[PDB]
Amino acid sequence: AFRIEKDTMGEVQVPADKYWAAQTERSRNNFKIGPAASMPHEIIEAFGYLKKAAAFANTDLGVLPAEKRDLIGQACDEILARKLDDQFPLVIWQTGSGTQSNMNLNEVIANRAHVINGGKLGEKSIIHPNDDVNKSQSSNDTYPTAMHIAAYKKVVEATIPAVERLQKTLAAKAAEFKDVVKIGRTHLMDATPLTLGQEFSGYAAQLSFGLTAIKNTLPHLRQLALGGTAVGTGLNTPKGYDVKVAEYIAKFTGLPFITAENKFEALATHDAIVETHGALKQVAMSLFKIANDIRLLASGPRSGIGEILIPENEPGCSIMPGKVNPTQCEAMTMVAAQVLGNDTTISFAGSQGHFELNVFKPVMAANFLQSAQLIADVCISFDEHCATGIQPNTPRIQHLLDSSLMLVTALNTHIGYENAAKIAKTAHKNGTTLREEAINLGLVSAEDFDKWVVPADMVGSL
């Protein structure tokens, strides 16, 4: 059962129960692309915040009756309270401006406002979608404003806290293991010693530089397009609208949003989305290396490296009974792979602005929100289910430490490089110890070898 709704193109049958109208219904039917309602909820939420703000600003500046503000406000509160989730059926793969999702908001607010005020759904709303709910706005400044609200919110409320969480565990493990001496590997080959603490201090430092790099991008990301309207000029905005609607968004979200310095840059590009996503990819490449190291170190438990123990959360294998695998490592490496591809998509799209508008907005927003959410989720999963539980396998570490022929490196400043190399080659060829061959070649006394080749004194300077 459908009712008739109208736009400036003609009449459309709209499902009789739904708060949306003609332009929403056209979009729902004209873009059967991927799964239904794929436009991210975070973008709808951000729309709820900015549409409330536009109404509060427009009232303060004298161009919208308080009555209309109050009704738009209450409708926006209901969107924000996840009361109207089923009134947003549009996909990412629509018009590249997000005009159709902007009109999905305008139409649902107008009709929901009509019913709140005691009207019948289907009757001309007391609130006009374009003239009232969209007053002083474009899809061109609202959709970018929704993008930066959702993006900033997800980065500062989910992603950075989740990455800080893992960073703190890695630094905690660096201190916890500060006295466990293990063998270095370079090129996958036996190297000189370092503590398991030092190894983990690398991982902790990678995420600290990652957090800094993301934080460096937030000033650009907090700038909002709202007030540039169609082409950036602020056509049909009241004087002072730009600064005042930003203040309202800042106050509703509790986050430090300002009006964009340049509305042309803010419509014609998503450079801020590229800058922040670049930082998300940097952390993601770091996380890949960290998770890869942890699975290498935990490999075995008999025929691999086996230097660390990790929590055993589930049966690893349907055919190999008793197998346990590093599954959180794998989930982390898979997300990191996802973020690299998302970075290609965002980078490509970010180049493809024409004149006064970039019309890759939905695809940039969906890819950015996915990276930001998945990095958050997997950092929490990995910390809870792997990183907090990492412990050293003491005897395996000792066996692999005492084994390295490259312990010989401690004799470099005593007998020089060429003589140290003779010892290592000779031990290697003969299947003997460094100590045996240092003595046999008469290059070092038993005494001096035992004084000089001490792993625990090789993990700092002279």
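Start at 1 and count along the sequence shown; that's the residue number.
Asker: Can you let me know which of the two, 336-344 or 310-318, has the higher average C-alpha B-factor in the entry?
Answerer: According to the entry, 310-318 carries the higher average C-alpha B-factor.
Asker: Got a sec? Mean C-alpha B-factor, which is higher, 72-80 or 269-277?
Answerer: According to the entry, 72-80 carries the higher average C-alpha B-factor.
Asker: Using only the C-alpha B-factors in the record, can you name which of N58, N30, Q398, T409 has the highest?
Answerer: Highest C-alpha B-factor among the listed residues goes to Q398.
Asker: Going by the deposited entry, which of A46, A53, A421, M39 has the highest CA temperature factor?
Answerer: If I rank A46, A53, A421, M39 by C-alpha B-factor, first place goes to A421.
Asker: Sorting by Cα B-factor within the chain, modelled residues only, which third would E384 end up in: lowest, middle or highest?
Answerer: CA B-factor rank for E384: highest third.
Asker: According to the PDB entry, is the CA B factor of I116 in the bottom, middle or top third of its chain, that is, lowest, middle or highest?
Answerer: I116: CA B-factor falls in the highest third of its chain.
Asker: In terms of the CA temperature factor given in the entry, to which third of its chain does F264 belong: lowest, middle or highest?
Answerer: For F264, whose C-alpha B-factor we compare with every modelled residue in the chain, the answer is the lowest third.
Asker: Please say which third, lowest, middle or highest, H187 falls into when its CA temperature factor is compared across its chain.
Answerer: Lowest third - that is where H187 ends up once the chain's C-alpha B-factors are sorted.
Asker: If you rank every modelled residue in this chain by C-alpha B factor, which third holds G304: lowest, middle or highest?
Answerer: As the PDB entry reports it, the C-alpha B-factor of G304 lands in the middle third of its chain.
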